[PDB]
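Novice: Have a look at the structure that comes next, please.
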Amino acid sequence: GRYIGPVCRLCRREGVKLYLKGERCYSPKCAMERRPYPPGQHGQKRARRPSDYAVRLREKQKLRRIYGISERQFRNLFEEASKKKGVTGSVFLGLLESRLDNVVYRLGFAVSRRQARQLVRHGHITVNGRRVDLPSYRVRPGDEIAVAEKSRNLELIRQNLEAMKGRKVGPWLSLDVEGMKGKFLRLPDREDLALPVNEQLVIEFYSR
Amino acid sequence: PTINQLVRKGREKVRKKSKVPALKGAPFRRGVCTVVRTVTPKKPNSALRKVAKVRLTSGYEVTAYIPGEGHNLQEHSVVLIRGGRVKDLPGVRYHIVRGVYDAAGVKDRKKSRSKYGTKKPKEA
Amino acid sequence: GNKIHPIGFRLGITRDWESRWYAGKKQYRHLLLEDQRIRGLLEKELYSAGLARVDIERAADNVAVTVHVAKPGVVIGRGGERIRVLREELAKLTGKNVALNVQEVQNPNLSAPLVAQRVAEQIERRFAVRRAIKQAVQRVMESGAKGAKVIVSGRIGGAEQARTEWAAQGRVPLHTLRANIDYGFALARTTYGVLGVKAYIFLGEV
Amino acid sequence: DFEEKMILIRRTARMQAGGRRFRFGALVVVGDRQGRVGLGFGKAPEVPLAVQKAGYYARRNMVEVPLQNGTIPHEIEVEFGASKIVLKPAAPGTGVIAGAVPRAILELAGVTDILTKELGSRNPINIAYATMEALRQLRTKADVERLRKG
Amino acid sequence: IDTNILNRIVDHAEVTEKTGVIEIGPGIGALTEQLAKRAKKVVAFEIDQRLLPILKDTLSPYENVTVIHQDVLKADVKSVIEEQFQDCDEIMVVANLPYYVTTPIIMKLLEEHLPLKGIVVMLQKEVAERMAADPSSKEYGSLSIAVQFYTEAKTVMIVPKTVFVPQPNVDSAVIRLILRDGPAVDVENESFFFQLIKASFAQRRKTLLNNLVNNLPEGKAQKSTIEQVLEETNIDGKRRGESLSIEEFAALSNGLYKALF
RNA sequence: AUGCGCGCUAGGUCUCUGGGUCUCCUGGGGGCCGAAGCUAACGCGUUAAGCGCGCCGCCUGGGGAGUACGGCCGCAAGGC
RNA sequence: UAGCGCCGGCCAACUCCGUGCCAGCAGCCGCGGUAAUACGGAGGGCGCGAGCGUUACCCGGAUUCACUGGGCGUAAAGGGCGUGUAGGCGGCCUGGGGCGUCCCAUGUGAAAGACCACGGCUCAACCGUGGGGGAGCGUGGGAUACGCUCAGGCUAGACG
Ligand SMILES: [Zn+2]
């Protein structure tokens, strides 16, 4: 079970915009443009300097909340990345970006990661001409992601991909806006992602 | 020491000493209460702690600490004994699991119900 | 302990009498009583403006009251209305055609009475005593004033037992006659009793 | 220009004729994250004064560190008094594996990947000094070659 | 306290012995103290009881600073300007504002038609960008249209987070808003003007027609009229919505309502 | 309160006892300052508590306790 | 269908009421006698989430049995002192043997488990197909620097 409840409160607590809600967090309503302090009774009091543990925890929580995945899955992914070759940080980010729901959000089918998760789970998304209904599915370079024929006329997808005309997609992706389909080309770099996260702190946190 | 000294004698391992002999390698035990007495704490603390005397399924007969606000532990109540030591009371080395056999969960908890075993208050 | 008054120690030299006039034995006490009454009234009335010094002199059945104030506008008032009514009050008190004068003390951070009353006002407003004293001494020290010293009596922050704070900086030679030390006292009345504030300032030598 | 870090404020006391006189000691690390680190220990009867003094001392006593790929050229093992520090080079994407004090010192050095261990007494001041010595005792391939070959 | 930077803000306001200054939410009085030494008259609105003694004490050496214990929203600003500023030419507002009351506090002042010359304030950098936005910069919206319809805006610089001793979460920026000589564009239907402005940016990535027809029951009924009037005013609901200038909205607010007003 | 043996690491100074070519040079022993270095500190420092190698005996928080029990040795008290 | 623990420092999360060394909390340091962020209740927050806590046990942190990796002047620790058995260790130069030692080839080191790659369950768990690796021990061949050994010498240790 993922996290269900208030969202922009996470925006507030983490102190970064963290586009979770889709469109609202682009309008003057993201709750960062009004009351950008953490929630609660003592949200706007001069706080003591954060501890090392606090810093690492906050960094990890921010990175986790971006993709909206369980702590268990997060730790499993980190372990996998650690065991692999190359830089832990780069590999970890590459593994977080290879998720089906995240890829769906990237390609522009959905406005938010949560909407993308719902679309995936509800069977509106196909991978290599086969229905996949699992948000945690890992896609690989050279895969074909498309919208199911049945769902090609749904209002949500129609207007989402109508807004993607004359708009750029990530360098590690291609999209056929008219073709109701995309393509995953390669693992994204550290430079490619505009994450407000210093993954070194995540590594250090998990070291303890 | 020299390598020869170590070959001839070697290093003696260290063995841990159990702090809960009465349990006999079991998470809990079942006992029968005999005496329900209130006692006094070591120096810096001054109160009147409620303490039972429990004869276990083992041969052991030990004092136990009853945690909570009020209890219904009579002279013949069947109880479950748990590990854990009270820093103050000189001799007790076990607690009582609230709400198991005859011990009942302390009336009207709202914050820590896992401990002090009490059912969730059906809200209205 | 038991330091004597730093002004009284220097009445002859480096300081001057606040009241300057003459009267025979027959008519001394009356003039002094009138003088004390004038001082009382002025302290009572002009406190808001930041009074620091009251000078009285007599020539021939006349009074020339000079008031040294940080803020002279408050005393003067709008179109010289307040000064006029104050003059009227003083003249009504004693029929001696009093001649009130108003002077503005230059750099009001260099007058010890002003510093003392400011610290007392701060204490009345439930401030932190030590920090206030440190800041006051710092402000005195900034604008020349070769020496500065501030003492707050006791019963700090609504405590049970009294204690002295004393922050000072520079040279304060209370033992030298040619010192030109300016001294100021204040009394801070709070809900847990009274407090005494003393300020010493040292402005060069000779 | 230089970043500052804080290790410990400690309030020490000495007896007098009927009472105690206090004094605060401050430990401060000053660094530019490019290979320059200074450590200062400052005593004063008042905390900001102690911080200022420690900062001053840190700015004086500076040490250059031979960084390459944000790691240490060679593993080292330095004992100061009864404290012992062990440093080891690490591959990229490892992070600073260190306690509060060594991490504080090494972060301002620009080191991004290292493994550390504290041994013996763990008095923070001694550990800080030991870390300083270990940093001060580093050599490169070039330096050793110059020493030997010339 | 943010040192000489305070003296910088006043420098960006250019106040002298000629000017009277309105202070909104002074706090301790860091900015107020700096303003006092450079301005003929200073007025302040403070509503917090706990910070009042400190503010009063900070203002002890000064005389030309007045503090009124009343919320800005409830109090009539016009009267306060009438008395407090009887003998000054330029009337200016310099302030730093709490996060919640940033825009509405500006809007109240702008709506009231005060004789204010300029409002030089410190706000969020994001809000600063939104207030002073060029067309189709994703910063263009209701805020920009409203402010620039009332007052010309100019962002001076960006104040970094690494200034305040407690480091905040979001950066700050200083803006100037000079009151325009009369309304920017002639339209009698101010209310519906604002209605159109706010409705047109209902969905940023949607088109003008979507943002127009969906709003308003009459509008949701009389679809064709909107289109024919838009074509009458040489505008179309296809471009985007965010690419229009203020005068275009003036023409539309004339025509569309002229059809039904 | 410092196990035994050997090798290396500035000196100065006071002594006891031999040899020489005899202001001095060279061995063995007993003290006092002190290079390098070691030590938590006190201090040690060519008679090491320095730098190394070999072999042996010991320590693993403080009371209970050098106690109880068992064993060995003593006439005994006692000892291990 | 959304619960459970926590919010004094370790250790991320703060205020108001009730009690006044009482009721209690407690892993350690300790909090409780009228201003309790440490007890009890609320509001709020933090962590995990179909789970969350507690007890028991094992490894780690413990370099706190120290081979890697400790010590014995005063912190626990040099036998009261000799002589000496077994045992441990041992100068310089040549030559043989090749026991320790090192290298190569090879048999074994089963299957599952561990690592890498590719695949089937719509993914994952799970499973399958290949590739290695692996301390040790056998068998054959090779090298002689060091240790052991045998033979011949030398005087710097030892002895006369
Ligand atoms: Zn948001």
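Ordering of the structure tokens sets the chain letters (A, B, ...), residue numbers begin anew at 1 in every chain, and ligands are numbered from 1 in the order given.
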Write out as a PyMOL selection string each polymer residue (protein, DNA or RNA) that has an atom no more than 7 Å from ligand 1, with only C-alpha atoms (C1' of nucleotides) and all ligand atoms counted.
Specialist: chain A and resi 8+11+17-21+25+30-32
Novice: Put those residues in a file: N, CA, C and O atoms, as a short mmCIF file (atom, residue, chain, number, x, y, z; two decimals), in the first residue's frame.
Specialist:
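As a result, part_3.cif now contains:
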data_model
loop_
_atom_site.label_atom_id
_atom_site.label_comp_id
_atom_site.auth_asym_id
_atom_site.auth_seq_id
_atom_site.Cartn_x
_atom_site.Cartn_y
_atom_site.Cartn_z
N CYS A 8 0.63 18.18 -0.62
CA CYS A 8 1.44 19.39 -0.64
C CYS A 8 2.02 19.68 0.75
O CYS A 8 2.92 20.51 0.88
N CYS A 11 5.36 18.65 0.26
CA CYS A 11 6.01 19.78 -0.39
C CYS A 11 6.55 20.72 0.69
O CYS A 11 7.71 21.13 0.62
N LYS A 17 9.70 22.16 -3.94
CA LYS A 17 8.42 22.17 -4.65
C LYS A 17 7.87 20.76 -4.83
O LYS A 17 6.69 20.54 -4.57
N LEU A 18 8.72 19.81 -5.27
CA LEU A 18 8.37 18.40 -5.42
C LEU A 18 7.03 18.24 -6.13
O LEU A 18 6.00 18.03 -5.49
N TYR A 19 7.05 18.34 -7.46
CA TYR A 19 5.85 18.30 -8.28
C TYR A 19 5.19 16.92 -8.17
O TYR A 19 5.53 16.00 -8.91
N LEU A 20 4.25 16.80 -7.22
CA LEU A 20 3.55 15.56 -6.93
C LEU A 20 2.11 15.59 -7.45
O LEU A 20 1.57 14.55 -7.83
N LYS A 21 1.50 16.79 -7.46
CA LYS A 21 0.06 16.92 -7.64
C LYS A 21 -0.31 17.16 -9.10
O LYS A 21 -1.49 17.17 -9.45
N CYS A 25 0.40 22.20 -8.77
CA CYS A 25 1.73 22.57 -8.30
C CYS A 25 2.51 23.34 -9.37
O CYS A 25 3.70 23.61 -9.18
N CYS A 30 0.73 25.73 -5.27
CA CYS A 30 1.52 24.56 -4.90
C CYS A 30 1.74 24.47 -3.38
O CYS A 30 2.32 23.49 -2.91
N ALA A 31 1.28 25.50 -2.65
CA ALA A 31 1.44 25.64 -1.20
C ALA A 31 2.89 25.98 -0.83
O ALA A 31 3.20 26.14 0.35
N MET A 32 3.76 26.10 -1.84
CA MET A 32 5.09 26.65 -1.65
C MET A 32 5.07 28.16 -1.85
O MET A 32 5.93 28.88 -1.35
#
Novice: Could you go through segment 27-202 of chain A and tell me which residues DSSP, when run on the backbone, assigns to helix (DSSP H, G or I), listing them as a ChimeraX atom specification?
Specialist: /A:52-67,71-83,88-96,100-107,113-121,149-151,155-162,200-202
Novice: Tell me, as a ChimeraX atom specification, which residues lie within 6 Å of segment 116-123 of chain D, counting only C-alpha atoms (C1' of nucleotides); anything in the same chain fewer than 5 positions away does not count.
Specialist: /D:82-87,98
Novice: Using only C-alpha atoms, pick whichever of A:69, A:47, A:173, A:87 has the shortest atom-to-atom distance to chain D.
Specialist: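 The closest residue to chain D is A:87.
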Novice: Find the residues in chain F near chain B: any atom within 12 Å counts, using only C-alpha atoms (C1' of nucleotides). Write them as a PyMOL selection string.
Specialist: chain F and resi 53-60
Novice: Counting only C-alpha atoms (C1' of nucleotides), what is within 6 Å of segment 77-86 of chain B, bar same-chain residues fewer than 2 positions away, as a PyMOL selection string?
Specialist: (chain B and resi 28-33+73-74+88-89+93-97+101-102) or (chain G and resi 55)
Novice: Could you write out that same residue set with N, CA and C atoms (P, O5', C5', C4', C3', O3' and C1' of nucleotides) as a PDB file, in the first residue's frame?
Specialist:
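After the write, out.pdb holds the following:
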ATOM      1  N   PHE B  28       7.900 -16.178  27.362  1.00  0.00           N
ATOM      2  CA  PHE B  28       6.979 -15.941  28.465  1.00  0.00           C
ATOM      3  C   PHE B  28       6.835 -17.213  29.297  1.00  0.00           C
ATOM      4  N   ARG B  29       6.159 -17.083  30.447  1.00  0.00           N
ATOM      5  CA  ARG B  29       5.736 -18.223  31.243  1.00  0.00           C
ATOM      6  C   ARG B  29       4.353 -17.960  31.834  1.00  0.00           C
ATOM      7  N   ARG B  30       3.704 -19.031  32.304  1.00  0.00           N
ATOM      8  CA  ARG B  30       2.450 -18.937  33.034  1.00  0.00           C
ATOM      9  C   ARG B  30       2.701 -19.294  34.496  1.00  0.00           C
ATOM     10  N   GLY B  31       2.154 -18.464  35.388  1.00  0.00           N
ATOM     11  CA  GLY B  31       2.286 -18.669  36.819  1.00  0.00           C
ATOM     12  C   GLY B  31       0.979 -18.412  37.563  1.00  0.00           C
ATOM     13  N   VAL B  32       1.003 -18.709  38.867  1.00  0.00           N
ATOM     14  CA  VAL B  32      -0.107 -18.465  39.774  1.00  0.00           C
ATOM     15  C   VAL B  32       0.378 -17.495  40.850  1.00  0.00           C
ATOM     16  N   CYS B  33      -0.437 -16.463  41.109  1.00  0.00           N
ATOM     17  CA  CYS B  33      -0.137 -15.450  42.110  1.00  0.00           C
ATOM     18  C   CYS B  33      -0.438 -15.989  43.506  1.00  0.00           C
ATOM     19  N   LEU B  73      -5.539  -8.181  40.306  1.00  0.00           N
ATOM     20  CA  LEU B  73      -4.742  -9.341  40.672  1.00  0.00           C
ATOM     21  C   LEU B  73      -5.060  -9.743  42.110  1.00  0.00           C
ATOM     22  N   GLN B  74      -5.789 -10.857  42.248  1.00  0.00           N
ATOM     23  CA  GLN B  74      -6.178 -11.393  43.542  1.00  0.00           C
ATOM     24  C   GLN B  74      -5.151 -12.442  43.975  1.00  0.00           C
ATOM     25  N   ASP B  88      14.501   0.055  40.047  1.00  0.00           N
ATOM     26  CA  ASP B  88      14.392   0.477  41.437  1.00  0.00           C
ATOM     27  C   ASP B  88      14.267  -0.721  42.376  1.00  0.00           C
ATOM     28  N   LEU B  89      13.207  -1.518  42.196  1.00  0.00           N
ATOM     29  CA  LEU B  89      12.832  -2.526  43.176  1.00  0.00           C
ATOM     30  C   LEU B  89      13.908  -3.607  43.260  1.00  0.00           C
ATOM     31  N   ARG B  93      12.720  -9.023  38.615  1.00  0.00           N
ATOM     32  CA  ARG B  93      13.390  -9.127  37.329  1.00  0.00           C
ATOM     33  C   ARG B  93      12.411  -9.538  36.230  1.00  0.00           C
ATOM     34  N   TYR B  94      11.102  -9.394  36.490  1.00  0.00           N
ATOM     35  CA  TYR B  94      10.073  -9.791  35.539  1.00  0.00           C
ATOM     36  C   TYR B  94       8.876  -8.845  35.607  1.00  0.00           C
ATOM     37  N   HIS B  95       8.172  -8.723  34.472  1.00  0.00           N
ATOM     38  CA  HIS B  95       6.947  -7.948  34.343  1.00  0.00           C
ATOM     39  C   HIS B  95       5.756  -8.881  34.121  1.00  0.00           C
ATOM     40  N   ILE B  96       4.549  -8.301  34.120  1.00  0.00           N
ATOM     41  CA  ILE B  96       3.319  -9.036  33.866  1.00  0.00           C
ATOM     42  C   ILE B  96       2.668  -8.493  32.596  1.00  0.00           C
ATOM     43  N   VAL B  97       2.362  -9.405  31.666  1.00  0.00           N
ATOM     44  CA  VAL B  97       1.662  -9.055  30.441  1.00  0.00           C
ATOM     45  C   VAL B  97       0.210  -8.736  30.794  1.00  0.00           C
ATOM     46  N   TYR B 101      -4.575 -13.534  30.970  1.00  0.00           N
ATOM     47  CA  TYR B 101      -5.248 -14.652  31.618  1.00  0.00           C
ATOM     48  C   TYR B 101      -6.281 -14.158  32.629  1.00  0.00           C
ATOM     49  N   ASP B 102      -5.812 -13.466  33.676  1.00  0.00           N
ATOM     50  CA  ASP B 102      -6.686 -12.957  34.723  1.00  0.00           C
ATOM     51  C   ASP B 102      -6.487 -11.453  34.883  1.00  0.00           C
TER      52      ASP B 102
ATOM     53  P     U G  55      11.309  -5.455  25.499  1.00  0.00           P
ATOM     54  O5'   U G  55      11.135  -7.009  25.812  1.00  0.00           O
ATOM     55  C5'   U G  55      10.586  -7.462  27.067  1.00  0.00           C
ATOM     56  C4'   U G  55      10.417  -8.963  27.074  1.00  0.00           C
ATOM     57  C3'   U G  55      11.652  -9.785  26.733  1.00  0.00           C
ATOM     58  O3'   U G  55      12.521  -9.958  27.847  1.00  0.00           O
ATOM     59  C1'   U G  55       9.822 -10.591  25.480  1.00  0.00           C
TER      60        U G  55
END
Novice: Near segment 25-37 of chain D, within 7 Å and counting only C-alpha atoms (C1' of nucleotides), which residues show up once chain neighbours fewer than 6 positions away are dropped, as a PDB file with N, CA and C atoms, in the first residue's frame?
Specialist:
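Written output follows (selection.pdb):
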ATOM      1  N   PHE D   2      35.719  31.218   3.431  1.00  0.00           N
ATOM      2  CA  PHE D   2      35.859  29.881   3.985  1.00  0.00           C
ATOM      3  C   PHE D   2      34.585  29.481   4.722  1.00  0.00           C
ATOM      4  N   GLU D   3      34.177  28.222   4.524  1.00  0.00           N
ATOM      5  CA  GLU D   3      33.091  27.625   5.283  1.00  0.00           C
ATOM      6  C   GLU D   3      33.588  27.315   6.695  1.00  0.00           C
ATOM      7  N   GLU D   4      32.645  27.296   7.644  1.00  0.00           N
ATOM      8  CA  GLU D   4      32.929  27.015   9.042  1.00  0.00           C
ATOM      9  C   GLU D   4      32.048  25.862   9.520  1.00  0.00           C
ATOM     10  N   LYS D   5      32.601  25.058  10.435  1.00  0.00           N
ATOM     11  CA  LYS D   5      31.895  23.943  11.045  1.00  0.00           C
ATOM     12  C   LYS D   5      32.149  23.946  12.550  1.00  0.00           C
ATOM     13  N   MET D   6      31.222  23.331  13.291  1.00  0.00           N
ATOM     14  CA  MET D   6      31.228  23.340  14.743  1.00  0.00           C
ATOM     15  C   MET D   6      31.248  21.906  15.265  1.00  0.00           C
ATOM     16  N   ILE D   7      32.177  21.626  16.192  1.00  0.00           N
ATOM     17  CA  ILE D   7      32.326  20.284  16.739  1.00  0.00           C
ATOM     18  C   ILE D   7      31.740  20.223  18.149  1.00  0.00           C
ATOM     19  N   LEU D   8      32.274  21.042  19.067  1.00  0.00           N
ATOM     20  CA  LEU D   8      31.807  21.039  20.446  1.00  0.00           C
ATOM     21  C   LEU D   8      32.005  22.401  21.108  1.00  0.00           C
ATOM     22  N   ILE D   9      30.990  22.790  21.892  1.00  0.00           N
ATOM     23  CA  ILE D   9      31.107  23.763  22.965  1.00  0.00           C
ATOM     24  C   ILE D   9      31.106  22.977  24.273  1.00  0.00           C
ATOM     25  N   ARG D  10      32.107  23.239  25.118  1.00  0.00           N
ATOM     26  CA  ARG D  10      32.148  22.653  26.449  1.00  0.00           C
ATOM     27  C   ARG D  10      32.414  23.741  27.486  1.00  0.00           C
ATOM     28  N   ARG D  11      31.621  23.708  28.561  1.00  0.00           N
ATOM     29  CA  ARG D  11      31.727  24.665  29.649  1.00  0.00           C
ATOM     30  C   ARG D  11      32.504  24.023  30.795  1.00  0.00           C
ATOM     31  N   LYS D  43      39.489  29.055  23.704  1.00  0.00           N
ATOM     32  CA  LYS D  43      38.958  29.254  25.044  1.00  0.00           C
ATOM     33  C   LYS D  43      38.606  30.729  25.220  1.00  0.00           C
ATOM     34  N   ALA D  44      37.458  30.985  25.862  1.00  0.00           N
ATOM     35  CA  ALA D  44      36.996  32.326  26.197  1.00  0.00           C
ATOM     36  C   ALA D  44      35.961  32.242  27.318  1.00  0.00           C
ATOM     37  N   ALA D  50      34.623  32.630  22.110  1.00  0.00           N
ATOM     38  CA  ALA D  50      35.292  31.349  21.931  1.00  0.00           C
ATOM     39  C   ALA D  50      35.218  30.910  20.471  1.00  0.00           C
ATOM     40  N   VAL D  51      34.041  31.083  19.854  1.00  0.00           N
ATOM     41  CA  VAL D  51      33.807  30.701  18.468  1.00  0.00           C
ATOM     42  C   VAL D  51      34.717  31.524  17.553  1.00  0.00           C
ATOM     43  N   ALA D  54      38.386  30.407  17.946  1.00  0.00           N
ATOM     44  CA  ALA D  54      38.582  29.119  17.297  1.00  0.00           C
ATOM     45  C   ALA D  54      38.660  29.295  15.781  1.00  0.00           C
ATOM     46  N   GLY D  55      37.776  30.140  15.230  1.00  0.00           N
ATOM     47  CA  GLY D  55      37.779  30.478  13.814  1.00  0.00           C
ATOM     48  C   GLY D  55      39.102  31.106  13.379  1.00  0.00           C
ATOM     49  N   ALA D  58      41.854  28.499  13.418  1.00  0.00           N
ATOM     50  CA  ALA D  58      41.645  27.629  12.269  1.00  0.00           C
ATOM     51  C   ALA D  58      42.174  28.293  10.998  1.00  0.00           C
ATOM     52  N   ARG D  59      41.884  29.592  10.834  1.00  0.00           N
ATOM     53  CA  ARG D  59      42.318  30.343   9.664  1.00  0.00           C
ATOM     54  C   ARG D  59      43.842  30.451   9.619  1.00  0.00           C
ATOM     55  N   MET D  62      46.529  26.096   8.763  1.00  0.00           N
ATOM     56  CA  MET D  62      45.905  25.485   7.600  1.00  0.00           C
ATOM     57  C   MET D  62      46.760  24.328   7.087  1.00  0.00           C
ATOM     58  N   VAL D  63      46.088  23.350   6.466  1.00  0.00           N
ATOM     59  CA  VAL D  63      46.713  22.147   5.937  1.00  0.00           C
ATOM     60  C   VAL D  63      46.180  21.906   4.525  1.00  0.00           C
ATOM     61  N   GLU D  64      47.105  21.646   3.593  1.00  0.00           N
ATOM     62  CA  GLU D  64      46.771  21.256   2.233  1.00  0.00           C
ATOM     63  C   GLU D  64      46.623  19.738   2.166  1.00  0.00           C
ATOM     64  N   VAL D  65      45.617  19.284   1.406  1.00  0.00           N
ATOM     65  CA  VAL D  65      45.297  17.870   1.275  1.00  0.00           C
ATOM     66  C   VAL D  65      45.431  17.476  -0.195  1.00  0.00           C
ATOM     67  N   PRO D  66      46.174  16.390  -0.523  1.00  0.00           N
ATOM     68  CA  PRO D  66      46.315  15.937  -1.907  1.00  0.00           C
ATOM     69  C   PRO D  66      45.114  15.113  -2.371  1.00  0.00           C
ATOM     70  N   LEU D  67      44.083  15.808  -2.867  1.00  0.00           N
ATOM     71  CA  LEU D  67      42.873  15.159  -3.349  1.00  0.00           C
ATOM     72  C   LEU D  67      43.038  14.765  -4.814  1.00  0.00           C
ATOM     73  N   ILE D 105      35.486  17.010   9.705  1.00  0.00           N
ATOM     74  CA  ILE D 105      36.798  17.436   9.243  1.00  0.00           C
ATOM     75  C   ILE D 105      36.934  17.169   7.742  1.00  0.00           C
ATOM     76  N   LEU D 108      34.755  19.220   4.818  1.00  0.00           N
ATOM     77  CA  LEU D 108      35.270  20.531   4.458  1.00  0.00           C
ATOM     78  C   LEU D 108      36.578  20.418   3.670  1.00  0.00           C
ATOM     79  N   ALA D 109      37.114  19.195   3.545  1.00  0.00           N
ATOM     80  CA  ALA D 109      38.307  18.941   2.748  1.00  0.00           C
ATOM     81  C   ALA D 109      37.954  18.765   1.273  1.00  0.00           C
ATOM     82  N   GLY D 110      36.724  18.317   1.001  1.00  0.00           N
ATOM     83  CA  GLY D 110      36.284  18.017  -0.353  1.00  0.00           C
ATOM     84  C   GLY D 110      36.283  16.519  -0.656  1.00  0.00           C
TER      85      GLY D 110
END
Novice: Each residue of chain D with at least one atom at most 7 Å from chain A should appear once, together with its nearest atom pair and the corresponding distance in Å (one decimal); atoms considered: only C-alpha atoms; ordering: chain, then increasing residue number; output as JSON lines.
Specialist:
{"residue": "D:92", "atom": "CA", "partner": "A:87", "partner_atom": "CA", "distance": 6.2}
{"residue": "D:93", "atom": "CA", "partner": "A:87", "partner_atom": "CA", "distance": 4.8}
{"residue": "D:94", "atom": "CA", "partner": "A:203", "partner_atom": "CA", "distance": 6.9}
{"residue": "D:95", "atom": "CA", "partner": "A:204", "partner_atom": "CA", "distance": 5.7}
{"residue": "D:96", "atom": "CA", "partner": "A:204", "partner_atom": "CA", "distance": 6.7}
{"residue": "D:97", "atom": "CA", "partner": "A:204", "partner_atom": "CA", "distance": 6.9}
Novice: Per DSSP on the backbone, what are the strand (DSSP E) residues of segment 26-189 of chain C, as a count of residues only?
Specialist: 34
Novice: Excluding segment 30-40 of chain C and its own-chain neighbours fewer than 3 positions away, which residues fall within 12 Å of it when counting only C-alpha atoms (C1' of nucleotides)? Please give them as an MDAnalysis selection string.
Specialist: chainID C and resid 18:27 43:47 51:58 61:67 86:87 89:96 98 100
